[PDB]
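>
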Amino acid sequence: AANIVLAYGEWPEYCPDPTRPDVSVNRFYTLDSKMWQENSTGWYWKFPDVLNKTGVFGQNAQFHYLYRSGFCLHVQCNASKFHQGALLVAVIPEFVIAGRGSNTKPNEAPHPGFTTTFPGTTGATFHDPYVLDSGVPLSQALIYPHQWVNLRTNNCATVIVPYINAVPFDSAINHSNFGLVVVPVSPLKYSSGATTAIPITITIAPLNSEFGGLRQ
Amino acid sequence: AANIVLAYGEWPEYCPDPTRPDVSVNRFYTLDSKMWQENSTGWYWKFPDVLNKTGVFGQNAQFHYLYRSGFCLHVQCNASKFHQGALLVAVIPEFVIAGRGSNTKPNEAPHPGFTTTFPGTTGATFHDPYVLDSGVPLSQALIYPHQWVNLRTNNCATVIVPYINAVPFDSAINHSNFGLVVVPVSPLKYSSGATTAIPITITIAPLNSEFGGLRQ
Amino acid sequence: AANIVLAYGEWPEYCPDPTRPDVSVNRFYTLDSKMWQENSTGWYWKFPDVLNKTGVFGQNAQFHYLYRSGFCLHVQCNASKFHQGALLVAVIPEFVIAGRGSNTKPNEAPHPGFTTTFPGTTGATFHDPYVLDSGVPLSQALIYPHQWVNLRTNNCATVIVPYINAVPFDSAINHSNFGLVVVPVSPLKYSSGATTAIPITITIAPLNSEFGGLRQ
Amino acid sequence: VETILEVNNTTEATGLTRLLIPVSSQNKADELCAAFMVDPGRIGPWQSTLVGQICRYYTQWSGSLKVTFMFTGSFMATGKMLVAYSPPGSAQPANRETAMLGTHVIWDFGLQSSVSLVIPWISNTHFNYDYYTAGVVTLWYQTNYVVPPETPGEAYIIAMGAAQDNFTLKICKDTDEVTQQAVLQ
Amino acid sequence: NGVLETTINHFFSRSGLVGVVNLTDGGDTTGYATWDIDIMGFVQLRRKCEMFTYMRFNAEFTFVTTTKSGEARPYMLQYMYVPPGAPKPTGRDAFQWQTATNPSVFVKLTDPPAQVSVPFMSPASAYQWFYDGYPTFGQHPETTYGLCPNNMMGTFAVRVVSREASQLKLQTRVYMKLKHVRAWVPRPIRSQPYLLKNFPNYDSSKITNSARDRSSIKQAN
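Residue numbers (the entry's author numbering), protein chains in the order written: chain B, 97 to 113, 122 to 320; chain B', 97 to 113, 122 to 320; chain B'', 97 to 113, 122 to 320; chain C, 49 to 175, 183 to 240; chain A, 73 to 214, 218 to 296. A prime marks a further copy of an entry chain.
1) Measuring CB to CB, does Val256(A) end up less than 9 angstroms from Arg128(A)?
2) With DSSP collapsed to three states, give me the class of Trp252(B).
3) Please tell me whether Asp87(C) has its Cβ less than 9 angstroms away from any Cβ of chain B'.
4) Under 9 angstroms between C-beta atoms, does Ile91(C) make it to chain B''?
5) In the DSSP assignment, find the unbroken beta strand (DSSP E) run with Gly316(B') in it and report its ends.
6) Could you compute how far the alpha carbon of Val287(B') sits from the alpha carbon of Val253(B'')?
7) Smallest Cα separation from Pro155(A): which of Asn225(A), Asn296(A) and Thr96(A)?
8) Along chain B', in chain order, which residues have C-beta atoms closer than 8 angstroms to that of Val260(A)?
9) According to the neighbour-count rule (16 or more other Cβ atoms, all chains shown, within 10 Å of its Cβ), is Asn211(B) buried or exposed?
10) For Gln166(B), does the three-state DSSP call read helix, strand or coil?
11) Cβ atoms of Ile196(B'') and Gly283(B''): under 9 angstroms apart, would you say?
12) In its own chain, which residues sit with a C-beta less than 8 angstroms from the C-beta of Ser241(A), not counting the 5 before and 5 after it?
13) In three-state terms, what does DSSP make of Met112(A)?
14) Give me the residue from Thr107(C), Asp87(C), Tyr184(C) and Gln197(C) with the minimum Cα distance to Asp229(C).
15) Can you tell me whether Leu222(A) is helix, strand or coil according to DSSP?
16) Indicate whether at least one CB of chain C lies closer than 9 angstroms to the CB of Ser238(B'').
17) Identify each residue in the stretch 246–275 of chain B' for which the Cβ-Cβ distance to at least one residue of chain A is less than 7 angstroms, and report them in chain order.
18) Give the interface partners of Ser279(A) over in chain B', defined as CB-CB distance under 8 angstroms, in chain order.
19) Can you have a look at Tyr105(C) and say buried or exposed, based on whether 16 or more other CB atoms are within 10 angstroms of its CB?
20) Kindly indicate which three-state DSSP category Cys111(B'') falls into: helix, strand or coil?
21) Hey, is the stretch 84–94 of chain A in contact with the stretch 111–126 of chain A, meaning 3+ C-beta pairs nearer than 8 angstroms?
22) Rounding to the nearest angstrom, what Cα-Cα distance links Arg124(B) and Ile100(B'') in this structure?
23) Let's see if you can read the secondary structure: which residues bound the beta strand (DSSP E) around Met148(A)?
24) Tell me whether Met193(A) sits in a helix, a strand or coil according to DSSP, three-state version.
25) Using only the alpha-carbon positions, how far apart do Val260(A) and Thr305(B') sit?
26) Listing by chain order, which chain B' residues have their CB less than 7 angstroms from the CB of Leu149(C)?
27) If you follow the beta strand (DSSP E) that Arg144(C) is part of, which residue opens it and which one closes it?
28) Do you know offhand how far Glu142(B'')'s Cα is from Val154(B')'s?
29) Inspect the beta-carbon positions of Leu255(B') and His187(B') and report whether they are closer than 9 angstroms.
30) Report the neighbours of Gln188(B'') on chain C: residues whose CB is nearer than 7 angstroms to its CB, in chain order.
31) So which of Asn259(B'), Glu198(B'), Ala165(B') and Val129(B') has the shortest CA-CA distance to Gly316(B')?
32) For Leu242(B') and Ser290(B'), I'd like the C-alpha separation in whole angstroms.
33) Any C-beta of chain B' sitting closer than 9 angstroms to the C-beta of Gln267(A)?
34) Do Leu270(A) and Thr221(B') have their beta-carbon atoms positioned less than 9 angstroms apart in this structure?
35) Hey, how far is the Cα of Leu292(B) from the Cα of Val240(B)?
36) Which of helix, strand or coil does DSSP assign to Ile268(B'')?
Following this line, the structure appears as structure tokens:
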């Protein structure tokens, strides 16, 4: 709670005068924690996906043709004072993974599978995080809205992101607005006898939500 | 719309200062019409049942442990000026059907089956309507809130009923507050060549609803 | 009299400061009624024609070289409550029928005969009404000034049309400003024993007339 | 301007009867009468309308549309229809019961001889595998068609539709509606 | 012209006989007698309180006890009232009778009758004799239809106070007066006879007509 990252210096707002679910969708969703250990390579969550199949929020999104909202993300890491490491918590818009294992043709180019593109509630894991699986240089990932969660210092990272897109409304199932990337820049180290695997808990509050086009 | 029957001269109200679904549950539900013909014996609908498995109202009632509301009922009968007959539209609280086909013992007494007690969305049909299947004298059914729909005169009957019960809140699945009985007192008659079967449409608006005790 | 159709939202007027026949031409002309039956295909009247050979209006038009006026048209259909159907009453400017029965050349192309182009007082009858004998899509005929005369509802259709043309004055005999098309969109149906053929009466009042260039 | 849709276009009634959709006594209650997709710009019932033919000259459109029904049955006849609109992405409603849960209008003939239904929003978007999913409107028998004796037991609904004020078009183009290519001579 | 005889309270007044219970001493097996409070017992008062749906009232019981020959003798009796939810006496000598929370009245047989009042005992705001539904919340998978535990008013039990058994034989007429009566949402009153005690079930084949017939419709007696 010491520092919040407010993405792009702009707060979520409603449609700039399409319905609102009152306060009904306002509450914390707590994802299954990820277990971070010496060799852990990082994780990511395509965001207007993670909540698609779970919760009251999930029933709205699957049954409505258009969707709009921002989010508030809290990433906590519980660990002792004898553990050490650092993570990079970043929210990167329109995160698009890429086919690796090069075969360059019009035909056999190895495009990612759906389970690899949209991971679901359990998120996915980077094959090689150095490029963020985008082919892009992770060392530059600090451009995006980001926070360092460093076990030496505060263990929490919170980031508010507004709704961003070229259009006011878009489908919740097909299009994933932003992904959430968590990478272990400096590897986790611990002395013998300490607990081996450190959990990572991400809590997400779909604040300021809108829906439309209900399907009976 | 000429005359509304306001049951027991008292309007629906909320809990006398337990939550409210805003205006979200406010809309007409139109049941499958019943087809009334020369030999038709009448119908009934256990009311906080009919809507239990159908609609947004239905999802609330099955997922909430306590329930409260009143209703507004519209019964229309479409038919020509050459058809004739009369129906008795009555809303009778705590309508309890009875085992007929007497065998009087502690053991083999023929109690009604669940499909006979709670009919569902399609309602049920009186074996012998003269007693209303209660053993009680239908000729006295005019006690309850009632309306005559007489094909000679206006073909619509509307009745508003408040929530009535000994307790403020009760379960929606187990307990059926009131039943809706529609009987063809004077039989339908028509000349040869006219349409044989006359439809009966009942529209119900769960106005002033409350729920509580949600179950994840 | 419930609804009048005022063509193109503009009232008839005199010459925008060529003589006027005082009130002498102001009165109803009632055409011979058309007899509409199951297979009836529709009718039309080239309008500054119908009145050309009949009445005091007719003597002026044949003896004057220039002509100007608007009209008021009343189309009544008398029929029981057991008859059913619908007609489309439309006033379509510069209605030009077309040669059908395709032979495409400069020479033998089957142009319409005069009796087919200008029908006279008794009007004419569409071969195939689906194209309005213009080759154009009748389903779009609702563009023009129009009224539905539906036996289920009111049986009268009235339309006032102003004088429209590229020139202020034009000959009454040669040029037909607008035609009046009456088509039986939904066919006439009646039960056995009812009167078979339903009459259609069209009354026309040449309001706001002018003439010029008398010929002794 | 609201112009007539052809909702019965199929190889049976060919003629002016192609503009009319029927109702009868033999059809039991709680079953489908007719349905048509609502888009101006594709083949089928909208090619007859102006809004349908005028959208051929433009690549992108969007706005609200207005669909209107009219009943030609006898003054003595009576009944009810359920006319419902399912937004795009939802498939053909299978049952009246699920159809009711959407946006619908109960329409009783004896009362109103005409009903109207405003589809809220509809527009095209690209960038035949896309197949442009849009909404459909279905028309159900709420109750069987009631008719007195010595009266026809078969009637027609006639459907017509038009754009509303906020409907807009853009990016002009020529029509594929005509293959003619210069009759001349 | 005085309305007071037609008020809903006067109509339920006038204590009648709601039950009778017999008592005989062998001393061990059955030395006692128990009577559950039920006002559905006889058909006069049943048919009256079944013309309403919800009713709220008090009860006043008077116990008239005599011997088999009828002549009294100064034996002492104990009337125990076990409120709803308490266990009932299982024997003359059982420990149930010394429970402090079960009120009792010790009265000799030669005295005027013993008399007590009972409050309105339901957890609900009124009794209801017509319940449409099931008592269970446990998702009944599907004889339990219509029976609500809410109407349990308690129980009386009777014994003779003595160290040994006394060979006398008794029966107790119990008269119940019904006070402060409020009634709601009336019903029609039953035409058909009753078959089962606690249930509306009637006879479908034998149905009796509500009005006795006559010769012809157009001849009036």
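Think of the CB as a built atom: it goes at the ideal place given N, C-alpha and C, for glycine as much as any other residue.
A quick look at the data gives this:
1) Along the fifth sequence, read from residue 1 onward, the residue named residue 256(A) stands at position 181. Along the fifth sequence, read from residue 1 onward, the residue named residue 128(A) stands at position 56. Yes, Cβ-Cβ distance for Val256(A) and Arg128(A) is below 9 angstroms.
2) Here residue 252(B) corresponds to residue number 148 of the first sequence, with the count starting at 1. Correct three-state label for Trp252(B): strand.
3) Here residue 87(C) is taken as the residue at index 39 of the fourth sequence, counted from 1. Cβ-Cβ to chain B' under 9 angstroms: no for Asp87(C).
4) Start at 1 with the first residue of the fourth sequence, and residue 91(C) comes out as number 43. No, its Cβ sits nowhere closer than 9 angstroms to a Cβ of chain B''.
5) Counting from 1 along the second sequence, the entry for residue 316(B') is found at position 212. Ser313 to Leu318 is the extent of the beta strand (DSSP E) around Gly316(B').
6) Counting from one through the second sequence, the residue named residue 287(B') turns up at place 183. Counting from one through the third sequence, the residue named residue 253(B'') turns up at place 149. Near 41 angstroms, if we compare the C-alpha coordinates of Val253(B'') and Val287(B').
7) Stepping through the fifth sequence from its first residue, residue 155(A) is reached at position 83. Among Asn225(A), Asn296(A) and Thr96(A), the Cα nearest to that of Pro155(A) is on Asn225(A).
8) Here residue 260(A) refers to the residue found at position 185 when the fifth sequence is read from its first residue. Within chain B', the residues near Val260(A) are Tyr104, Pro197 and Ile268.
9) Here residue 211(B) corresponds to residue number 107 of the first sequence, with the count starting at 1. Classification of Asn211(B): exposed, given that the 10 Å Cβ count is below 16.
10) Here the question's residue 166(B) lines up with position 62 in the first sequence. Three-state DSSP puts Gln166(B) in a helix.
11) One-based indexing of the third sequence puts residue 283(B'') at position 179. One-based indexing of the third sequence puts residue 196(B'') at position 92. Closer than 9 angstroms, so yes.
12) Taking the fifth sequence and counting its residues from 1, the one referred to as residue 241(A) is at position 166. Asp97, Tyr147 and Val235.
13) Indexing the fifth sequence from 1 puts residue 112(A) at position 40. For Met112(A), the three-state secondary structure derived from DSSP is coil.
14) Within the fourth sequence, the letter at position 174 stands for residue 229(C). Comparing Cα-Cα distances from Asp229(C) to each of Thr107(C), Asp87(C), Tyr184(C) and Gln197(C), the minimum goes to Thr107(C).
15) Along the fifth sequence, one-based indexing puts residue 222(A) at 147. Here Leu222(A) sits in coil by DSSP.
16) On the third sequence, position 134 is the one that residue 238(B'') refers to. No - not a single Cβ of chain C is within 9 angstroms of the one on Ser238(B'').
17) Flagged, chain order: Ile247, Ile268, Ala270, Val271 and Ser275.
18) In the fifth sequence, residue 279(A) corresponds to position 204, counting from 1. By Cβ distance, chain B' contributes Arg204, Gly205, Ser206, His231 and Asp232.
19) Locating residue 105(C) in the fourth sequence gives position 57, counting from the first residue. Exposed, by the Cβ-count rule.
20) Position 15 of the third sequence, counted from the first residue, corresponds to residue 111(B''). If DSSP states are grouped into helix, strand and coil, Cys111(B'') belongs with coil.
21) yes
22) Working through the first sequence from its first residue, we reach residue 124(B) at position 20. Working through the third sequence from its first residue, we reach residue 100(B'') at position 4. Going by the C-alpha atoms only, they are around 45 angstroms apart.
23) Sequence index remark: in the fifth sequence, residue 148(A) carries index 76 (1-based). Counting along the chain, the beta strand (DSSP E) containing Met148(A) begins and ends at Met148 to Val154.
24) Here residue 193(A) is taken as the residue at index 121 of the fifth sequence, counted from 1. Three-state result, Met193(A): coil.
25) By 1-based counting over the fifth sequence, the position of residue 260(A) is 185. By 1-based counting over the second sequence, the position of residue 305(B') is 201. Rounded to the nearest angstrom, the two C-alpha atoms are 27 angstroms apart.
26) Stepping through the fourth sequence from its first residue, residue 149(C) is reached at position 101. Near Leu149(C) (Cβ distances below 7 angstroms), the residues of chain B' are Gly159.
27) Taking the first residue of the fourth sequence as 1, we reach residue 144(C) at position 96. First-last for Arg144(C): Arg144 to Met148, but that is the alpha helix (DSSP H), not the beta strand (DSSP E).
28) In the third sequence, counting from the first residue as 1, residue 142(B'') sits at position 38. In the second sequence, counting from the first residue as 1, residue 154(B') sits at position 50. Distance between the alpha carbons of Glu142(B'') and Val154(B') is about 47 angstroms.
29) As a position in the second sequence, residue 255(B') is number 151, starting the count at 1. As a position in the second sequence, residue 187(B') is number 83, starting the count at 1. A contact, by the Cβ cut-off of 9 angstroms.
30) Here residue 188(B'') is taken as the residue at index 84 of the third sequence, counted from 1. Within chain C, the residues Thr120, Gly121, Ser122, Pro207 and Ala210 have their CB atoms less than 7 angstroms from the CB of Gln188(B''), given in chain order.
31) Reading the second sequence from its first residue, position 212 is the one you call residue 316(B'). Taking the Cα of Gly316(B') as reference, the smallest distance to any Cα among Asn259(B'), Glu198(B'), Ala165(B') and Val129(B') is reached at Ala165(B').
32) The residue labelled residue 242(B') in the question sits at position 138 within the second sequence. The residue labelled residue 290(B') in the question sits at position 186 within the second sequence. Near 13 angstroms, if we compare the C-alpha coordinates of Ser290(B') and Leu242(B').
33) The residue you call residue 267(A) lines up with position 192 of the fifth sequence. Yes, its Cβ sits closer than 9 angstroms to a Cβ of chain B'.
34) In the second sequence, the residue the question calls residue 221(B') occupies position 117. In the fifth sequence, the residue the question calls residue 270(A) occupies position 195. No, these two residues do not count as a Cβ contact at 9 angstroms.
35) On the first sequence, residue 292(B) is found 188 positions in, with the first residue counted as 1. On the first sequence, residue 240(B) is found 136 positions in, with the first residue counted as 1. When rounded, the distance between both Cα atoms is 24 angstroms.
36) As a working note, residue 268(B'') is residue 164 in the third sequence. DSSP places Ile268(B'') in coil when its eight states are reduced to three.
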